[PDB]
Amino acid sequence: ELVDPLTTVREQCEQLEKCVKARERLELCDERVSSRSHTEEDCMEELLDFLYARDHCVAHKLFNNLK
Amino acid sequence: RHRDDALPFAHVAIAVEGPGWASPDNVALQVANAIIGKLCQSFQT
Amino acid sequence: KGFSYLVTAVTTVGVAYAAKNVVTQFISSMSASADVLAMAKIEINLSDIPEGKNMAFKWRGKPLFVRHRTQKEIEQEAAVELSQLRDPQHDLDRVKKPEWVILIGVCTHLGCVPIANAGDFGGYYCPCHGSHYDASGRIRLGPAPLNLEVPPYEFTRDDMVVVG
Amino acid sequence: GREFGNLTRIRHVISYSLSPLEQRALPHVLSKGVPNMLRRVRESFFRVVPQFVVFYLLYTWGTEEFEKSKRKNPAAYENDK
Amino acid sequence: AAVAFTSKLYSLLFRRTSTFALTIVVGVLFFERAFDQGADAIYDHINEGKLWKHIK
Amino acid sequence: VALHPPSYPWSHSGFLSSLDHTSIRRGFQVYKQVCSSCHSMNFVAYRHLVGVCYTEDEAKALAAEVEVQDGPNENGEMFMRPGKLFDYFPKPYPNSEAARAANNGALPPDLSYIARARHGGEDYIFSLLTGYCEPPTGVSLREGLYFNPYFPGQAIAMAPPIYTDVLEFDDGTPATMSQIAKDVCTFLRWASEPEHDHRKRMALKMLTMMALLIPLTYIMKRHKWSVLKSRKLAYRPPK
Amino acid sequence: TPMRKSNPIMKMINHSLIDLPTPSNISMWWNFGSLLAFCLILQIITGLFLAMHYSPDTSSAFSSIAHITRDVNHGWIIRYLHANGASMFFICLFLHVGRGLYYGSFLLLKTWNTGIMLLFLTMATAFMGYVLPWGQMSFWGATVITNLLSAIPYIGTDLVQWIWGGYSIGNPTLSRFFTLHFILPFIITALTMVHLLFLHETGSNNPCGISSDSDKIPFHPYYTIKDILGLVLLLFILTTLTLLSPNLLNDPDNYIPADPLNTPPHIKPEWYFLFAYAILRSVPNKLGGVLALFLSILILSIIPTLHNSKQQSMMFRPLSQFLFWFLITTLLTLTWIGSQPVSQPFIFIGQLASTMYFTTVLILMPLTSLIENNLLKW
Amino acid sequence: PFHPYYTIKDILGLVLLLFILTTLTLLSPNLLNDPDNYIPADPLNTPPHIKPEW
Amino acid sequence: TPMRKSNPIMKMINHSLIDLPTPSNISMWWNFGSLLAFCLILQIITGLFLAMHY
Amino acid sequence: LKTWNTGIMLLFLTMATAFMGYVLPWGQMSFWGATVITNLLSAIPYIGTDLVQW
Ligand SMILES: CCCCCCCCCCCCCCCCCC(=O)OC[C@H](COP(=O)([O-])OCC(O)COP(=O)([O-])OC[C@@H](COC(=O)CCCCCCCCCCCCCCCCC)OC(=O)CCCCCCCCCCCCCCCCC)OC(=O)CCCCCCCCCCCCCCCCC
Ligand SMILES: CCCCCCCC/C=C/CCCCCCCC(=O)OC[C@H](COP(=O)(O)OCCN)OC(=O)CCCCCCC/C=C/CCCCCCCC
Ligand SMILES: CCCCCCCC/C=C/CCCCCCCC(=O)OC[C@H](COP(=O)(O)OCCN)OC(=O)CCCCCCC/C=C/CCCCCCCC
Ligand SMILES: CCCCCCCC/C=C/CCCCCCCC(=O)OC[C@H](COP(=O)(O)OCCN)OC(=O)CCCCCCC/C=C/CCCCCCCC
Ligand SMILES: CCCCCCCC/C=C\CCCCCCCC(=O)OC[C@H](COP(=O)(O)OCCN)OC(=O)CCCCCCC/C=C/CCCCCCCC
Ligand code: HEC
Ligand code: HEM
Ligand code: HEM
Ligand code: HEM
Ligand code: HEM
Ligand SMILES: O=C1C(=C2CCC(c3ccc(Cl)cc3)CC2)C(O)=C(O)c2ccccc21
Ligand SMILES: O=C1C(=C2CCC(c3ccc(Cl)cc3)CC2)C(O)=C(O)c2ccccc21
Ligand SMILES: O=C1C(O)=C([C@H]2CC[C@H](c3ccc(Cl)cc3)CC2)C(=O)c2ccccc21
Ligand SMILES: O=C1C(O)=C([C@H]2CC[C@H](c3ccc(Cl)cc3)CC2)C(=O)c2ccccc21
Ligand code: FES
Ligand SMILES: [Zn+2]
């Protein structure tokens, strides 16, 4: 069995502050959209913000573990 | 160069450095001169 | 004066280097490309070629003659006096089996294709400027300077030959 | 037509020159050339630069505004239901 | 008086135009080879281990 | 709009850095065993692999593995033969209508210049290959689409193509998804721009030369212009 | 006499570039004409070579270029050189125009008018080369530029269909693009010779705007070595662009072959055109848009007519200089707007930039010239 | 002077050339034509009788 | 002066084929140069058209 | 002399042009004409065959 370094690197980056605030905003938006009866809103923008923030620091630290 | 476009004709002089009284070469040079000395009014070496 | 002229010398040397490289790579643009230079072999089945028949096959862009000679041709090609030739050569210098002869069907003068069983000599005749060949592919009359070219081959069966 | 024999009429101007092999090609750079370049920059600075500064401000503003326009407005879903 | 280097260089080589030209062709012959070799060395050295010439 | 890929530190991105040919060799196996099911590479032939990662004999060996149509024969009919160096990588479908029929209406593009035909280049592709995930709340996908934030629209027909141990490399490297992606990306870089290494090689030389020629010609100019640069005038009228 | 002056061909060469009297004091801004000529020559040579491998057929054009860049020996660098030389050509062209606007050399009427002709010809040529690869951007560029004549009210649609050679863009149009792109550069060459013939009857203007007949020097050796230096510099830049950073100006959407059924979401022409595109985008009316597009360049022809100043050059005219640089920034603004989607901020900014361009050329400069005159008391 | 004398003379010459050219183009187009160039190219066979343009 | 002689391009045209001094007595054999030029022009035009279909 | 020499140059150029147009239809005569005219440089003793192949 193999563990992909990308897993670990994501899990490590996701501990950082700039990730954490965006993650919290993502949870808030999930809660709104799930709680309503009938709406046209979706929770995508928040997800993209969080992913931009996280993949920034993944890119600085992933290739050191690859061949 | 001293320019004065009112004078009838242009005067010109051109030299290189010669060797002086003492050197032998003078003789040969004179011969050369005699060989050289139409376009213009007056000319000399 | 020396120093000032040394500068010019050095400048000219560099300019010459750059010019050579540019001009030469431009020139090498016009030579054969890396998709034109294939060189395959070709296999011919000999039991489809009757006696007296000259067959032409396309190979590397040019004709390839295979000729199945008769007995009187084998006889009369050997009689030739080699002193009366411009490219002297004996028939057995030009065949591996007497009853087969394999040639590159291109005229050595300027590249036209000789017609078979024509001319004064029973071999081939080139219409373009009038050169005659004998059934060994030897040049016998007309402006061509050399005999018809023989490629490398070998017999893999008494009915199969490979040219490569 | 135009030829070095009869371009114009001039009187009483004298010139003096040396040959190139008598003199230096880059005689005084840091003691004369540098200050000259500095004044040459000074004399044109305020005739050229501010227009480009204004261009830079306009560019950055317009970029920012366009990028704001693409973000979702909370009042578009929160206001009525 | 002072036989100096550039003066010898002027008087032997550069004074006559034909010989100047000959000097230039002779210099380019040797410059080309030296310069190529140096460049190829540097290039090869910058990325050792990644060129198929050596992996071969 | 689409998510902007981050910049990964690729070892070939330096001004004079060459490609890593080991990664090319592995990427090419990825493109055999996985990616040449859907996709064509119409502009590459086996002869192109010679001297890059294979000898001539071994490239002939690769060729030999594939059947190719040829003819007409002496009877006027077509037939099948083993491949040669001068044959192009084989197509997966005969025509684009058949390609659409086999992928629920979508058409997989040709990957011969994919790395030069997309914003971000190999940063994007890597991002796309590693980047699938489950959709946000409020989002839904029609029949046969996946979610991927790095695609324009975020809905993409292509299912996640790679995972850990979807193949095994012949050099013993561990085949984690990340490794596979990085290697196939290196290979697509090479497929899009073969002149890379030689180009950088050649830059060193002729740039050194053109840089050298500037001060020399500047000196010559200064020499010729010193006559005027030091000239002195005077005005002497009879007054 | 010397052989230099023994013979008509030789004596014309001599009057052109050996014993020609040139101003002593002209600056670097006067080097860009010779660089233009160099660029024309480079383009013709690299084009004649490319020509021998390209295929003017819609079913093989793309793949012929692939063949050139992959199988032809050093074909990739020949391609690179052609494409980058066009860019250099336009850089020099723009700088060359701007000089003359600043230093008042438009008062040489014949030279100026032949220059305008040359600008037009070069633009036509460049555009007809840009569509030959038959990529996705090339196709839609062709489409737009050939629909332009539909704006002519009575005869337009018929003109469009007569240029297409059919009901739509297709194989018959590509061969027309290629024949025209082949022939135009040589017409450009001939007209360049006429251009210089006209120039040498008067001689070069200079930075001060006053007559230089008291201080003329010969063209050789001074400007010969000066222009050689300029050429060396241009070659350094061109090589670095060709080998060290070839993809700087490149567009990915032209590495996708043409698809007549889909226009891509984001459209962008080659950089030296963006500004016209912006102008064309700024008018909410078809005919008016096209008219503005063409007037934007044709307006240069009346600059000599609107000249009020007693002095020729802007060297001594500061208000003028301020306006000049403001105009240049308006053009930069149009270039930037051309790159952006057709969305509201950029729509509004582009409209302002266009109105200010024409305003400035037609109104503000004449009036500042009058003010200036009054300040010097004449 | 060249004008008007040789202007009209050369115009007359041109009219004559056009008459001849039209008659050759429309009334007898096949006079100089060669049939062997209406057979496409075959790299394997040179025809027995060879003849260039006149 | 007349405009015929006011300007380099015009004056070259004039020296070429308006006020050029020609012999009075040259014959038909001197018409074939102008016909050569005509032929060159004809060839270029018809070729540019053919080119667009070949 | 000058006119005559430039005439000889023009003759040569026109012949080249005419021949290179004659091979464009790619008929049976065109092909073999091409072949012969491009083999002509094989007669150059030291460098000919390479010129032909280039
Ligand atoms: C189905 C197709 C139909 C086609 C229809 C075609 C119709 C064409 C109509 C053309 C009309 C042209 C009109 C031009 C008017 C111009 C006026 C002018 O100023 O002229 C000045 C010009 C002369 O210029 P110049 O300033 O005097 O200078 C010239 C010399 O320097 C002067 O030097 P010299 O003075 O010393 O020279 C004196 C003498 C010199 O004399 C000699 O040298 C001696 C000659 C002796 C001949 C003896 C008879 C033959 C030999 C027999 C020998 C014995 C044999 C024994 C055998 C024995 C065997 C055993 O030369 C002459 O006098 C020559 C005069 C005759 C010229 C003929 C021109 C023929 C043109 C043919 C065109 C063909 C192409 C048409 C298109 C076809 C398309 C398919 O010409 C004239 O003066 C003559 C004008 C009239 C010419 C009429 C020509 C009619 C041709 C009709 C042809 C129809 C058949 C076509 C067949 C096609 C087959 C494919
Ligand atoms: C076999 C291998 C190759 C061998 C190559 C050998 C040649 C090498 C290069 C030599 C370059 C030429 C140098 C000498 C040029 C001399 C020119 C000359 O004498 O003419 C000057 C004089 C100047 O005119 P004026 O100003 O009126 O003079 C009045 C002075 N008060 O005359 C002129 O006008 C110039 C005339 C130029 C003639 C040039 C002749 C060139 C000959 C080249 C031959 C090349 C042969 C190559 C053979 C290759 C193998 C088949
Ligand atoms: C690949 C992308 C390419 C993008 C486009 C590139 C081309 C456009 C470049 C724009 C920036 C150009 C900056 C040039 C340097 C400016 C330096 C400067 O301000 O110096 C001022 C200095 C002042 O000197 P004087 O007044 O003569 O007096 C001094 C002696 N006592 O020099 C000048 O003012 C000289 C000005 C000459 C003209 C310069 C023109 C620059 C722009 C030209 C192209 C613009 C677009 C086309 C315009 C015309 C359109 C119809
Ligand atoms: C709307 C439908 C189309 C209408 C077309 C109308 C025009 C019809 C054709 C008219 C042809 C021209 C005839 C008149 C020419 C007059 C030339 C003239 O006056 O100049 C002569 C004089 C001669 O010079 P010198 O020898 O120095 O004279 C000294 C005398 N001692 O000047 C010259 O040098 C010649 C100047 C030539 C000017 C020609 C102007 C041509 C104008 C054409 C306009 C066409 C408009 C078409 C519009 C189409 C629809 C949009
Ligand atoms: C291809 C990319 C190259 C990139 C590198 C930079 C390229 C540009 C470099 C500069 C090229 C300059 C070419 C033009 C000639 C310039 C000459 C010059 O500046 O010197 C002037 C000087 C004139 O002499 P004066 O002292 O004024 O008069 C003396 C009277 N008693 O010029 C001369 O030396 C003239 C004599 C001829 C010199 C040689 C001319 C060039 C050709 C020589 C080599 C011949 C072979 C060429 C083969 C090319 C490939 C097939
Ligand atoms: C069949 C199961 C496929 C396999 C195996 C691979 N791909 Fe593919 N791909 C497939 C389809 C049906 C599509 C169309 C997607 C769409 O939305 O239309 C694609 C597309 C791509 C793209 C295009 C990305 C873009 O932005 O346009 C790329 C870059 C791509 N595919 C790459 C790729 C790679 C590297 C593969 C091997 C690891 C691979 N694909 C396999 C279908 C299939
Ligand atoms: C292919 C295009 C062109 C070429 C090859 C070309 C070439 C030249 C050359 C070699 C010169 C010599 C002086 C110099 O370099 O400054 C020149 C001068 C000049 N050019 Fe052009 N040019 C071109 C286009 C233009 C354009 C587009 C314009 C104007 C819109 C123009 C207007 C002028 C003017 C006015 C001068 C003389 C100005 C002066 O001497 O002060 N030219 N040109
Ligand atoms: C002023 C002169 C010229 C200019 C400005 C010019 C411009 C261009 C441009 C911009 C392209 C497209 C570049 C690309 O797609 O990357 C092109 C392509 C081409 N041009 Fe030129 N060109 C000129 C002269 C010539 C000449 C004289 C020929 C003679 C045949 C020629 C032949 C070609 C060919 C065959 C192509 C297509 C090949 C390719 O796209 O790489 N060009 N030209
Ligand atoms: C495209 C090819 C040619 C063209 C367009 C052309 C054009 C002309 C023209 C228009 C003339 C005016 C006088 C006249 O018509 O007789 C002329 C004269 C002349 N041509 Fe050419 N010509 C060509 C080829 C030749 C050739 C091949 C030669 C010689 C081998 C030649 C030698 C002469 C001479 C010597 C004259 C003047 C003779 C005299 O006036 O007595 N030309 N040419
Ligand atoms: C002195 C000028 C010219 C001469 C002597 C000349 C001669 C010829 C000849 C003899 C042919 C073959 C005729 C045939 O096969 O029936 C030909 C074909 C052709 N030429 Fe011209 N030509 C000239 C100018 C041009 C020009 C400027 C072009 C410009 C594109 C051109 C384009 C073509 C084309 C496309 C063909 C092939 C079409 C065909 O064979 O009908 N020619 N030329
Ligand atoms: O560069 C030129 C120039 C000319 C030099 C030679 C060039 C040239 C270009 C190509 C060839 Cl094959 C030969 C010469 C063309 C431009 C010319 O005519 C002028 O009048 C002029 C005036 C001021 C500053 C520079 C110049
Ligand atoms: O036909 C000409 C001629 C010339 C007339 C105009 C021609 C011509 C050709 C084409 C055009 Cl677009 C314009 C003019 C060219 C030949 C010319 O220069 C001569 O010197 C001459 C001398 C004697 C007899 C005839 C002639
Ligand atoms: O929509 C356009 C468009 O509008 C132009 C335009 C740009 C300006 C051009 C132009 C025409 C005339 C002049 Cl004098 C200058 C530029 C004409 C084509 C393009 O070049 C283009 C290229 C590729 C896709 C779409 C487009
Ligand atoms: O055998 C030949 C042959 O020999 C030539 C020859 C004719 C003369 C040509 C020629 C060359 C040079 C000049 Cl300066 C003049 C004519 C060259 C080709 C042909 O034109 C030809 C055409 C078609 C089939 C065969 C042939
Ligand atoms: S080509 Fe055969 S005899 Fe000339
Ligand atoms: Zn190289």
# chains A, B, ... in the order shown; residues from 1 in each chain; ligands from 1

$ residues_near_ligand --ligand "ligand 16" --cutoff "7 Å" --atoms "only C-alpha atoms and all ligand atoms" --output "ChimeraX atom specification"
/F:198-199,202 /G:74

$ write_last_selection --atoms "N, CA and C atoms" --output "JSON list (two decimals), in the first residue's frame"
[["chain", "number", "residue", "atom", "x", "y", "z"],
["F", 198, "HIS", "N", 17.81, 21.81, -27.56],
["F", 198, "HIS", "CA", 18.73, 22.35, -28.55],
["F", 198, "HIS", "C", 18.58, 23.87, -28.65],
["F", 199, "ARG", "N", 17.36, 24.37, -28.51],
["F", 199, "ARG", "CA", 17.15, 25.82, -28.53],
["F", 199, "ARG", "C", 17.95, 26.51, -27.43],
["F", 202, "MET", "N", 21.62, 26.52, -28.11],
["F", 202, "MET", "CA", 22.03, 27.43, -29.17],
["F", 202, "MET", "C", 21.98, 28.89, -28.72],
["G", 74, "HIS", "N", 15.96, 22.94, -38.83],
["G", 74, "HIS", "CA", 15.92, 24.31, -38.32],
["G", 74, "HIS", "C", 14.73, 25.10, -38.85]]

$ interface_residues --of "chain F" --to "chain G" --cutoff "9 Å" --atoms "only C-alpha atoms" --output "mmCIF file with C-alpha atoms, in the first residue's frame"
data_model
loop_
_atom_site.group_PDB
_atom_site.id
_atom_site.type_symbol
_atom_site.label_atom_id
_atom_site.label_comp_id
_atom_site.auth_asym_id
_atom_site.auth_seq_id
_atom_site.Cartn_x
_atom_site.Cartn_y
_atom_site.Cartn_z
ATOM 1 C CA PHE F 15 16.487 29.841 -18.886
ATOM 2 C CA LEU F 16 19.131 27.178 -19.684
ATOM 3 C CA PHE F 43 1.649 14.518 -35.154
ATOM 4 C CA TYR F 113 -0.110 20.580 -28.694
ATOM 5 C CA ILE F 114 -2.441 20.561 -25.665
ATOM 6 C CA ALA F 115 0.339 22.113 -23.551
ATOM 7 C CA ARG F 116 0.678 25.104 -25.924
ATOM 8 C CA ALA F 117 -3.076 25.374 -26.612
ATOM 9 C CA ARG F 118 -4.187 26.129 -23.035
ATOM 10 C CA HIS F 119 -3.709 29.052 -20.671
ATOM 11 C CA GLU F 193 8.015 21.367 -28.288
ATOM 12 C CA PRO F 194 10.835 18.979 -29.309
ATOM 13 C CA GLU F 195 13.336 21.770 -30.081
ATOM 14 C CA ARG F 199 17.146 25.816 -28.529
ATOM 15 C CA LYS F 200 18.615 26.640 -25.115
ATOM 16 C CA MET F 202 22.028 27.432 -29.174
ATOM 17 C CA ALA F 203 20.965 30.518 -27.233
ATOM 18 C CA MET F 206 24.720 33.241 -30.353
ATOM 19 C CA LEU F 207 23.633 35.484 -27.453
ATOM 20 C CA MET F 210 25.596 39.359 -30.204
ATOM 21 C CA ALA F 211 26.365 40.705 -26.726
ATOM 22 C CA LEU F 213 29.467 42.819 -30.831
ATOM 23 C CA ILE F 214 27.761 45.837 -29.169
ATOM 24 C CA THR F 217 30.925 48.614 -32.834
ATOM 25 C CA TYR F 218 30.191 51.340 -30.282
ATOM 26 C CA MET F 220 34.255 52.152 -33.785
ATOM 27 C CA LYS F 221 31.429 54.714 -33.878
ATOM 28 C CA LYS F 224 34.777 58.072 -36.208
ATOM 29 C CA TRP F 225 32.755 60.748 -34.379
ATOM 30 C CA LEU F 228 33.079 66.403 -34.563
#

$ select_by_dssp --residues "range 4-204 of chain F" --states "strand (DSSP E or B)" --output "NGL selection string"
:F and (45 or 50 or 54 or 67-70 or 79-82 or 88 or 146-147 or 155-156)

$ write_last_selection --atoms "C-alpha atoms" --output "JSON list (two decimals), in the first residue's frame"
[["chain", "number", "residue", "atom", "x", "y", "z"],
["F", 45, "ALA", "CA", 5.67, 9.02, -34.94],
["F", 50, "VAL", "CA", 14.86, 7.74, -31.32],
["F", 54, "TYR", "CA", 15.17, 5.00, -27.06],
["F", 67, "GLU", "CA", -1.13, -3.51, -36.43],
["F", 68, "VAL", "CA", -1.54, -0.96, -39.22],
["F", 69, "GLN", "CA", -3.56, -0.94, -42.42],
["F", 70, "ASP", "CA", -1.70, -0.94, -45.73],
["F", 79, "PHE", "CA", -4.42, -5.73, -45.48],
["F", 80, "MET", "CA", -2.86, -5.43, -42.01],
["F", 81, "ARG", "CA", 0.85, -5.42, -41.16],
["F", 82, "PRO", "CA", 3.04, -4.74, -38.12],
["F", 88, "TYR", "CA", 2.23, 7.69, -36.68],
["F", 146, "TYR", "CA", -18.23, 15.29, -13.21],
["F", 147, "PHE", "CA", -17.27, 18.31, -11.13],
["F", 155, "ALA", "CA", -18.69, 20.41, -15.31],
["F", 156, "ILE", "CA", -16.56, 18.06, -17.40]]

$ select_by_dssp --residues "chain D" --states "helix (DSSP H, G or I)" --output "PyMOL selection string"
chain D and resi 20-22+29-42+45-68+75-78

$ residues_near_ligand --ligand "ligand 6" --cutoff "8 Å" --atoms "only C-alpha atoms and all ligand atoms" --output "ChimeraX atom specification"
/F:30-31,34-39,100,103-104,106-109,111,114,118,125,128-129,151-152,155-159,161-162,181,184-185

$ write_last_selection --atoms "N, CA, C and O atoms" --output "short mmCIF file (atom, residue, chain, number, x, y, z; two decimals), in the first residue's frame"
data_model
loop_
_atom_site.label_atom_id
_atom_site.label_comp_id
_atom_site.auth_asym_id
_atom_site.auth_seq_id
_atom_site.Cartn_x
_atom_site.Cartn_y
_atom_site.Cartn_z
N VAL F 30 2.67 6.21 -19.44
CA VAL F 30 1.34 6.65 -19.02
C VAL F 30 0.45 6.87 -20.23
O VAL F 30 -0.74 6.52 -20.23
N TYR F 31 1.01 7.45 -21.29
CA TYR F 31 0.19 7.77 -22.46
C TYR F 31 -0.14 6.54 -23.29
O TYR F 31 -1.21 6.49 -23.91
N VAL F 34 -2.82 4.35 -20.50
CA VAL F 34 -4.05 5.03 -20.09
C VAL F 34 -4.59 5.93 -21.20
O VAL F 34 -5.67 5.71 -21.73
N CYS F 35 -3.84 6.98 -21.54
CA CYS F 35 -4.45 8.14 -22.19
C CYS F 35 -4.67 7.95 -23.68
O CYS F 35 -5.42 8.73 -24.27
N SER F 36 -4.07 6.94 -24.31
CA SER F 36 -4.30 6.65 -25.72
C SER F 36 -5.49 5.74 -25.95
O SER F 36 -5.54 5.05 -26.97
N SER F 37 -6.41 5.66 -24.99
CA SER F 37 -7.68 5.01 -25.25
C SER F 37 -8.64 5.98 -25.92
O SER F 37 -9.22 5.69 -26.97
N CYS F 38 -8.83 7.15 -25.30
CA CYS F 38 -9.67 8.20 -25.86
C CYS F 38 -8.94 9.07 -26.89
O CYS F 38 -9.51 9.42 -27.92
N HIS F 39 -7.68 9.44 -26.62
CA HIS F 39 -7.06 10.59 -27.28
C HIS F 39 -6.11 10.18 -28.40
O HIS F 39 -5.43 9.15 -28.32
N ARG F 100 -17.47 10.94 -30.72
CA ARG F 100 -18.59 11.48 -29.95
C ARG F 100 -19.55 10.37 -29.54
O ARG F 100 -20.06 10.37 -28.41
N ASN F 103 -18.37 8.64 -26.34
CA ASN F 103 -18.12 9.44 -25.16
C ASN F 103 -19.33 10.31 -24.83
O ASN F 103 -19.19 11.40 -24.26
N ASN F 104 -20.53 9.84 -25.19
CA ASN F 104 -21.78 10.51 -24.84
C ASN F 104 -21.83 11.94 -25.35
O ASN F 104 -22.24 12.86 -24.64
N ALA F 106 -19.42 14.08 -26.25
CA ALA F 106 -18.22 14.89 -26.11
C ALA F 106 -17.10 14.35 -26.97
O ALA F 106 -17.03 13.15 -27.25
N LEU F 107 -16.22 15.24 -27.40
CA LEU F 107 -15.11 14.90 -28.28
C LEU F 107 -13.79 15.13 -27.56
O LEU F 107 -13.46 16.28 -27.24
N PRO F 108 -13.00 14.09 -27.29
CA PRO F 108 -11.69 14.29 -26.66
C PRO F 108 -10.72 14.94 -27.64
O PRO F 108 -10.58 14.49 -28.78
N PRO F 109 -10.03 16.00 -27.22
CA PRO F 109 -9.11 16.68 -28.13
C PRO F 109 -7.81 15.91 -28.35
O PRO F 109 -7.46 15.00 -27.60
N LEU F 111 -3.91 15.61 -28.15
CA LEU F 111 -2.93 16.07 -27.17
C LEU F 111 -1.56 16.34 -27.76
O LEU F 111 -0.57 16.34 -27.01
N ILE F 114 -1.60 20.15 -26.79
CA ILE F 114 -2.44 20.56 -25.67
C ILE F 114 -1.71 21.48 -24.69
O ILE F 114 -2.33 22.36 -24.08
N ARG F 118 -3.41 25.83 -24.23
CA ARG F 118 -4.19 26.13 -23.03
C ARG F 118 -3.46 27.15 -22.18
O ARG F 118 -2.23 27.10 -22.04
N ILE F 125 -2.81 21.53 -16.71
CA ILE F 125 -3.15 20.13 -16.91
C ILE F 125 -3.00 19.35 -15.61
O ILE F 125 -3.90 18.60 -15.20
N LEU F 128 -5.67 20.09 -13.47
CA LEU F 128 -6.89 19.42 -13.88
C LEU F 128 -6.87 17.95 -13.49
O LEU F 128 -7.88 17.40 -13.07
N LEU F 129 -5.71 17.31 -13.63
CA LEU F 129 -5.64 15.88 -13.36
C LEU F 129 -5.75 15.59 -11.88
O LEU F 129 -6.38 14.59 -11.49
N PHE F 151 -11.86 23.37 -14.60
CA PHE F 151 -12.51 23.42 -15.90
C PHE F 151 -13.45 24.62 -16.00
O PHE F 151 -14.17 24.93 -15.04
N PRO F 152 -13.44 25.31 -17.15
CA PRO F 152 -14.35 26.45 -17.37
C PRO F 152 -15.80 26.02 -17.44
O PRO F 152 -16.23 25.46 -18.46
N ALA F 155 -18.14 21.70 -14.91
CA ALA F 155 -18.69 20.41 -15.31
C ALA F 155 -17.89 19.89 -16.49
O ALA F 155 -17.70 20.60 -17.48
N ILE F 156 -17.43 18.64 -16.39
CA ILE F 156 -16.56 18.06 -17.40
C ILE F 156 -16.97 16.62 -17.65
O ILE F 156 -17.31 15.88 -16.72
N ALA F 157 -16.95 16.23 -18.93
CA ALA F 157 -17.39 14.90 -19.32
C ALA F 157 -16.40 13.82 -18.89
O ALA F 157 -16.80 12.67 -18.67
N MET F 158 -15.11 14.16 -18.81
CA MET F 158 -14.07 13.17 -18.56
C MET F 158 -14.08 12.76 -17.09
O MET F 158 -13.92 13.60 -16.20
N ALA F 159 -14.27 11.46 -16.84
CA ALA F 159 -14.14 10.93 -15.50
C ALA F 159 -12.68 10.97 -15.06
O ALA F 159 -11.76 10.98 -15.89
N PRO F 161 -9.23 10.22 -14.68
CA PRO F 161 -8.56 9.19 -15.48
C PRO F 161 -7.51 8.38 -14.75
O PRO F 161 -7.22 7.26 -15.18
N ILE F 162 -6.91 8.89 -13.67
CA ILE F 162 -5.79 8.22 -13.03
C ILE F 162 -6.03 8.07 -11.54
O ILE F 162 -6.78 8.83 -10.92
N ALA F 181 0.84 11.99 -12.66
CA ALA F 181 0.45 13.25 -13.27
C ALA F 181 1.66 14.07 -13.68
O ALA F 181 1.75 14.56 -14.81
N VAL F 184 3.40 12.28 -16.91
CA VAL F 184 2.64 12.54 -18.13
C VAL F 184 2.69 14.02 -18.52
O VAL F 184 2.71 14.35 -19.71
N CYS F 185 2.75 14.93 -17.54
CA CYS F 185 2.81 16.35 -17.92
C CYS F 185 4.16 16.67 -18.56
O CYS F 185 4.22 17.40 -19.56
#

$ residues_around --residues "range 24-41 of chain E" --least-positions-apart "2" --cutoff "12 Å" --atoms "only C-alpha atoms" --output "NGL selection string"
(:C and (5-21)) or (:E and (13-14 or 17-22 or 43-48)) or (:F and (198 or 200-209))

$ residues_around --residues "residue 41 in chain J" --least-positions-apart "6" --cutoff "8 Å" --atoms "only C-alpha atoms" --output "number ranges by chain"
J: 48-49, 51-52
